[PDB]
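So basically every Cβ, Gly included, is an ideal-geometry build from the backbone, and we count neighbours across all protein chains shown. Since every read-out is calculated from the coordinates, none of them should be taken as a lab result.
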């Protein structure tokens, strides 16, 4: 009875942590996207 209640709580926490990360993914989307876009430019520079 104790384990079953503790598992259901961990499933609720997992969904909450996933939702939190998914909001932070969008906040740092612009930071990373810039990082990525810059890297590919640096690879073009190597070729010339």
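Here are a few things to note about the model shown:
- Residue in region 33-47 that is free of Cβ contacts under 8 Å to residues at least 60 places away in the same chain, surrounded by 10 or more Cβ atoms within 10 Å (Cβ to Cβ), under 11 Å from the mean Cα position of the chain (by Cα) and part of a helix (DSSP H, G or I) present: no
- Failed condition for residue 23, given (1) under 14 Å from the mean Cα position of the chain (by Cα); (2) surrounded by 10 or more Cβ atoms within 10 Å (Cβ to Cβ): (2)
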